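Have a look at the structure below, then the notes.
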Amino acid sequence: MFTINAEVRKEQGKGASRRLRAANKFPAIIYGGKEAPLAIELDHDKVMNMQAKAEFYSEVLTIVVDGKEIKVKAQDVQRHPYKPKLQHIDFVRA
Amino acid sequence: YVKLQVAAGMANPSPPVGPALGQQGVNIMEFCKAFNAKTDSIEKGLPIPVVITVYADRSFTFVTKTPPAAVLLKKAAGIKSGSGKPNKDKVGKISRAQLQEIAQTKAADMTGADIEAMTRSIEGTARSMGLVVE
Amino acid sequence: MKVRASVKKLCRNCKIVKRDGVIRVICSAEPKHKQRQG
Amino acid sequence: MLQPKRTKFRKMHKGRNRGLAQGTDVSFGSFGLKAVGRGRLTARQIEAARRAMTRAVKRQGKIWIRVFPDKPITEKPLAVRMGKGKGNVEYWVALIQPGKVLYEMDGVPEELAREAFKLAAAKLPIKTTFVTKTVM
Amino acid sequence: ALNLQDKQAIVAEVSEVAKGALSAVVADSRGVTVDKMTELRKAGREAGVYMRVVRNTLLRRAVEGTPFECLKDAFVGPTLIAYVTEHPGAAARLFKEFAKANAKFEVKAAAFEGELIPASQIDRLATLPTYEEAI
RNA sequence: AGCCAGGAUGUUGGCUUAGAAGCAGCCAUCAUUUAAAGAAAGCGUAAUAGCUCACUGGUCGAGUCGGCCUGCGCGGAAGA
Ligand SMILES: [Mg+2]
Ligand SMILES: [Mg+2]
Ligand SMILES: [Mg+2]
Ligand SMILES: [Zn+2]
């Protein structure tokens with residue numbers, strides 16, 4: 001059972017998102033259902049390792065944000081053009 | 001110390017035996033008819049492997065062994081030559097029984113703890129030479 | 001001695017060694033395998 | 001050797017080669033050879049590399065070529081001055097941007113695909129890297 | 001090499017054999033070709049004796065289960081165990097003439113009675129008759 | 001990692017060949033006894049023999065192996 005630690009993003013747009021990745025973090029988004037989308041930021045190495053196991057893309061994951069647990073599934077993923085890296089992830093509330 | 005596979009009641013020839021152990025210091029005629037003398041009891045036309053054992057004074061002893069698996073399998077399949085392409089071209093059939101017989105002879109010569117094991121080895125040969133077990 | 005830009009182990013008895021700032025292949029088995037980067 | 005069978009026009013502006021690649025995932029095979037650098041691949045290069053990887057697997061499995069050299073390149077020969085009309089078309093290139101999967105492959109063990117793609121990459125004028133299929 | 005699941009299974013089996021047997025003879029067997037081993041195997045199967053080379057670490061685990069814990073110290077150096085599961089002795093016998101004859105390896109300590117048996121004095125087991133001698 | 005020892009049986013596998021025995025080439029690559037030992041990784045022979053590797057028991061006693069993201073360097077580097 002995957003557990004991902006996230007903080008809500010304080011900024012948005014291109015500048016903020018590139019600064020995240022220069023800092024070994026990367027943006028992501030949680031949408032679905034009744035609640036509003038929740039823009040977040042993730043630790044790159046931690047999620048990189050996780051998603052190298054097929055289970056990630058097919059299991060109910062739990063994102064922890066301010067000590068709250070959100071149950072999600074991976075929905076889309078943007079990868080770097082040619083490095084073993086993640087640019088962004090969509091999670092849909094499960 | 002040399003190892004050959006010689007025809008039962010036959011020995012002496014130059015390209016076959018002569019030169020081979022002849023160039024080690026071995027008395028040809030002696031071994032020829034001693035070999036034949038003891039291999040008289042073998043069935044006709046069974047190629048039998050002999051281990052020749054020579055000592056510094058050119059004198060020698062030897063042990064006779066059971067014929068090769070390939071040989072017995074050739075004879076059991078009623079054929080003359082193994083497949084040129086084993087398991088791509090099949091060239092015949094030995095029953096499980098024939099396997100077992102050959103296995104008991106070669107059992108006198110195997111290292112199998114059981115009939116089944118020996119038989120499996122003989123099967124291994126039979127496979128190796130494109131003979132099917134039928 | 002083979003002298004070239006790309007030096008490698010050519011067999012299991014080849015060793016890469018650096019001597020005096022220069023990369024080399026030394027072999028204990030085949031003299032032809034001996035190289036110097038250059 | 002790849003070439004468009006026919007085209008609307010014979011000749012093409014030089015143009016530029018900015019941007020990241022489209023078609024960055026392994027979409028047909030199991031493994032892929034991906035461009036890490038920017039540049040032009042000629043039809044002869046693409047061919048040389050296709051041969052190499054295909055020797056390497058002993059024509060087993062299956063191979064896909066994701067790029068196609070559809071850009072005509074012209075040249076002026078020796079001892080001709082500038083102007084007097086655009087040069088003659090001599091060969092064809094594909095424009096390559098970082099991230100393009102160049103070749104794909106499957107039906108072979110990964111170890112053999114890496115070797116084959118290693119041999120092929122030595123024929124190409126742009127750095128490349130080895131990639132794999134991914135769920136999503 | 002040998003995964004942990006392997007070695008656990010190797011122990012279990014050697015231990016189960018140890019429960020059924022009645023006389024264990026331990027020897028060095030280093031420096032003997034496989035043909036003379038293969039020969040000793042036909043002599044073990046013939047005489048109903050179970051033969052194994054096993055890691056000294058791994059044997060210590062089998063032993064402890066009972067009643068061979070005296071043999072621990074016999075597991076320094078290359079080790080060959082001999083389990084006479086049907087009848088007692090005959091292995092102790094067999095190993096020594098085989099030991100003497102081949103002037104390679106040595107023989108360490110045997111064990112019967114839950115008592116370690118000292119290299120020299122093993123001559124006890126190596127002279128115990130047949131079962132099948134009391135008649 | 002180093003060092004000791006083993007690396008066996010059918011069997012010289014089948015075909016081919018003057019010979020082809022793990023080791024020119026072609027096909028097969030099973031099975032046995034195994035702690036382990038490929039119908040053989042390389043040298044070797046006219047063919048054997050002979051050396052060695054894979055693999056395994058022993059000794060030693062706490063680390064060891066090599067892919068990933070990255071910083072700075074090294075070779076590649078010859079001219080009047
Ligand atoms: Mg900007
Ligand atoms: Mg110097
Ligand atoms: Mg070691
Ligand atoms: Zn070398």
Side-chain angles (χ1 to χ4, degrees), chain A residues 22 24 44-45 48-49 52 80 83-85, chain B residues 1-5 15-16 19-21 23-24 47 49 51 65-74 77 79 81-91 99 102-103 105-114 116-131 133, chain C residues 3-7 11-13 18 20-24 29-30 35-38, chain D residues 129-130, chain E residues 1-2 10 14 28-42 44-45 51-59 75-81 104-105:
Chain A
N24 192 251
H44 179 244
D45 303 334
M48 208 38 224
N49 291 339
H80 192 276
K83 304 176 168 186
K85 297 172 94 166
Chain B
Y1 303 128
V2 295
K3 54 162 68 170
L4 268 51
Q5 306 192 2
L21 79 183
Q23 73 183 283
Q24 301 299 122
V51 178
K65 319 204 73 191
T66 71
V71 169
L72 295 173
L73 288 169
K74 271 167 177 158
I79 65 169
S81 55
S83 186
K85 291 188 180 172
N87 303 117
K88 277 190 183 170
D89 178 12
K90 283 171 170 210
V91 307
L99 288 170
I102 296 176
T105 307
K106 297 243 56 94
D109 265 351
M110 288 304 73
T111 51
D114 283 271
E116 289 104 43
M118 300 162 166
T119 299
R120 282 182 181 182
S121 278
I122 301 305
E123 290 164 7
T125 303
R127 291 172 180 177
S128 90
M129 66 196 310
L131 291 172
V133 295
Chain C
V3 184
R4 57 199 303 182
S6 173
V7 302
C11 81
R12 56 167 271 119
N13 290 86
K18 199 168 167 172
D20 202 6
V22 185
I23 303 290
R24 295 178 186 273
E30 172 59 54
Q35 306 148 72
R36 164 185 118 220
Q37 197 170 33
Chain D
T129 186
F130 185 94
Chain E
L2 287 180
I10 306 171
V14 173
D28 179 354
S29 76
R30 167 209 282 177
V32 171
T33 62
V34 179
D35 287 326
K36 304 188 173 180
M37 292 309 311
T38 306
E39 189 71 4
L40 186 69
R41 295 292 155 82
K42 282 156 183 174
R45 297 194 289 264
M51 286 303 309
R52 275 281 276 277
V53 189
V54 196
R55 288 174 192 182
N56 285 5
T57 320
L58 206 148
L59 283 178
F75 305 114
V76 180
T79 306
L80 177 64
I81 57 179
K104 300 117 216 173
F105 75 93

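Just so it is clear: chains get the letters A, B, ... in the order the sequence lines come, proteins before strands, and each one is counted from 1. Just so it is clear, the values below take in all heavy atoms, side chains as well, and ignore hydrogens, waters and symmetry mates.
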For [X], report the nucleic acid contact type (base, sugar-phosphate, nothing); a contact means any heavy atom under 4.0 Å.
X: E:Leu80; result: nothing
X: B:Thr125; result: base
X: C:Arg4; result: nothing
X: B:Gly130; result: nothing
X: C:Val7; result: nothing
X: C:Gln37; result: base
X: E:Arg55; result: sugar-phosphate

Review point. Base rings of F:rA18 and F:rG19 under 5.5 Å apart and under 30° in plane angle?
Key: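 Stacking between F:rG19 and F:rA18 is present - centres under 5.5 Å, planes under 30°.
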Review point. Looking at F:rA62 next to F:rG63 in the strand, do their six-membered base rings stack, centres under 5.5 Å and planes under 30°?
Key: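 By the ring-centre and plane-angle rule, F:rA62 does not stack on F:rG63.
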Nearest-nucleotide pick for [X], side chain only, options being [options]:
X: E:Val53; options: F:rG57, F:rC69, F:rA8; result: F:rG57
X: B:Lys74; options: F:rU33, F:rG14, F:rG57; result: F:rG14
X: E:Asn56; options: F:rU59, F:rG6, F:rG10; result: F:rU59
X: B:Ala70; options: F:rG6, F:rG13, F:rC68; result: F:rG13
X: E:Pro78; options: F:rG14, F:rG58, F:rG10; result: F:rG58
X: B:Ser121; options: F:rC69, F:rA31, F:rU34; result: F:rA31

Side-chain N or O of [X] closer than 4.0 Å to phosphate OP1/OP2 of [N]:
X: E:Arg41; N: F:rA35; result: yes
X: B:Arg120; N: F:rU33; result: no
X: B:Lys65; N: F:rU9; result: no

Point to revise | B:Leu131 side chain reached by B:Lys74 side chain, heavy atoms, under 4.5 Å | key: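 Result no, sub-4.5 Å side-chain heavy-atom pair not found.
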Review point. Are the side chains of E:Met37 and E:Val32 in touch, meaning some heavy atoms are under 4.5 Å apart?
Key: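 Yes. Closest side-chain heavy atoms under 4.5 Å.
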**Study point:** Complementary nucleotide for F:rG73 - Watson-Crick or wobble, under 3.5 Å
**Key:**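 Partner of F:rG73: none.
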**Study point:** G-U wobble or Watson-Crick pairing nucleotide for F:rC30 (cut-off 3.5 Å, both distances)
**Key:**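 F:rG10 is the nucleotide pairing with F:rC30.
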Using a 3.5 Å limit on both distances, is [M] in a Watson-Crick or G-U wobble pair with [N]?
N: F:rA5; M: F:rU56; value: yes
N: F:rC15; M: F:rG25; value: yes
N: F:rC55; M: F:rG6; value: yes
N: F:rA46; M: F:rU70; value: no
N: F:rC43; M: F:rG50; value: yes

Review point. Any donor-acceptor pair under 3.5 Å linking the side chain of B:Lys106 with the backbone of B:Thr66?
Key: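 Here the side-chain-to-backbone pair exists.
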Review point. Hey, is F:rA54 sitting syn or anti, using the within-90° cutoff around 0?
Key: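 What F:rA54 shows is an anti base, its glycosidic angle lying more than 90° from 0.
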Exercise for review: With syn defined as a glycosidic angle within 90° of 0 and anti as everything else, classify F:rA77.
Suggested key: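 Here F:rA77 takes the anti form, which means its glycosidic angle is more than 90° from 0.
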Review point. From E:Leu40 CG over to E:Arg45 CZ, what is the distance, rounded to the nearest 0.5 angstrom?
Key: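 Rounded to the nearest 0.5 Å, the CG-CZ separation comes to 10.0 Å.
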Review point. Is F:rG66 a north or a south sugar when classified by the sign of torsion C1'-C2'-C3'-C4'?
Key: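 Taking the sign of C1'-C2'-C3'-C4' as the criterion, F:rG66 has a south sugar, on the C2'-endo side.
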Point to revise | Gap in Å between the two P atoms, one belonging to F:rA39 and one to F:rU32, rounded | key: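 Result for the P pair: 12 Å, nearest Å.
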